[PDB]
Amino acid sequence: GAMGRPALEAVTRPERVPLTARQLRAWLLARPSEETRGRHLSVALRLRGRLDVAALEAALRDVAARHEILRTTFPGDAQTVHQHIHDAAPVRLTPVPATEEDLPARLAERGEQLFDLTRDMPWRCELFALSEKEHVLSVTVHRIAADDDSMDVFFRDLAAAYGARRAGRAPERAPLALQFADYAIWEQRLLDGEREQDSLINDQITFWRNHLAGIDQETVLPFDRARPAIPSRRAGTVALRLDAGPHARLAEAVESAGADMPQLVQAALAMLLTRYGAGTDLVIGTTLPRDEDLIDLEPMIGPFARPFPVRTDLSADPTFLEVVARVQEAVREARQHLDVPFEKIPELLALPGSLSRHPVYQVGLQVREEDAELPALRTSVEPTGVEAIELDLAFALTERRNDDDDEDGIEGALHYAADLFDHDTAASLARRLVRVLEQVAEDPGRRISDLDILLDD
């Protein structure tokens, strides 16, 4: 049998801390053009009340004190990149006068500004002053440093530090058990297993080379323009709803067999793409959060979220239920081989890299379930723009539930690469996915060829 993983634990810091595979890809694909976004996470908070600006400034500084990755730069060339961990991150938070009308423009420009990860800290903040008791705090983090979960951690840790600093003391907290460098060294130790033929990593490399053997470079989709050599990564969105009744009927076929809602929707979407003309050999990817079993990662900031591609075979005009069972079988098997970083897989497949395209999969699906306080302040999320996209299409669906924990509608949005698609093209896709989900909910035995995708005008 295959050997296991090394212990994930605090480690004596080496002189040359490696990047994770996810970071190295982020680093390499940084700024391919100066007209390219901008792979960032941006959050803005509206703050109403008496803001202690010096305290906020000290607090932001304290969050980076707590998390090494926020005071990390990434110097070197492709062969020498390492994580350089500074003692501190410089924060200067002089307020910027602003009006309600000019504010969205200012928020957008600050969040769009490019990082040079060889000499800049991978995050950035600004404070906009609207009136004496009305401010907006804008925070932008580069994806080399944060996944989406990480942004909640950031504001939980901001609030804690603002509390203390506002009251005249430095924060009194226990240090993290793990810093991101400890995770990076762990992943490296795991990948070092290729050395040993019976290692974990070798067993998983074999799985993926086998599972993904012979996939096309691209998914066939209804493009409005040819794929440019250099992506703009601009993105549009279209809303999307599945009503409560159909949502609940779909769930009934959940418990007949073992498949949860994320896999049901993955089935339906795969049938839609075959029906759109993509063929019967498809890869639909999804982004998993950090492994919840790894308890020391919960309180951390880092690029922990992991891409997860599942190949589905749709030949022989399968019933919806047949597609579900193929999805569920594929996912259950792939689920067990997630220690290989996704970003390592293009190599394993000897895939010619491209800037213009996301490797392995170009269509993503996210189906999530439903669901910070600062002293002397009413706080709220100030709406900011849609993030830069690397995928061609990305569905983000949320399951609503009532008070009895029952299915109460699916709500969501389709993000698309504006370089490739017009809004109406994406709107058709979104509406057809809802239609497929309705039909398949009422008639779970329906086959791909019987799917009605006619849209009313």
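The first residue of the shown sequence is 1; numbering continues from there.
According to the PDB entry, the deposited sequence contains 4 to 9 residues between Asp371 and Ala372 that lack coordinates. As recorded in the PDB entry, 253-261 is the stretch of 78-86 and 253-261 with the greater mean C-alpha temperature factor. The mean C-alpha temperature factor is higher for 95-103 when 319-327 and 95-103 are set side by side. Between the residues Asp147, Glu347, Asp120, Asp152, it is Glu347 that shows the highest Cα B-factor in the PDB record. In the deposited entry, the Cα temperature factor of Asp224 places it in the middle third of its chain's modelled residues. When the CA B factors of the chain's modelled residues are split into thirds, the value for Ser138 lands in the middle one. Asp406: CA B factor lies in the highest third for its chain, per the PDB record. When all modelled residues of the chain are sorted by CA temperature factor, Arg66 is found within the lowest third.
Ranked against the other modelled residues of its chain, the C-alpha B-factor of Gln439 as given in the entry falls in the middle third.
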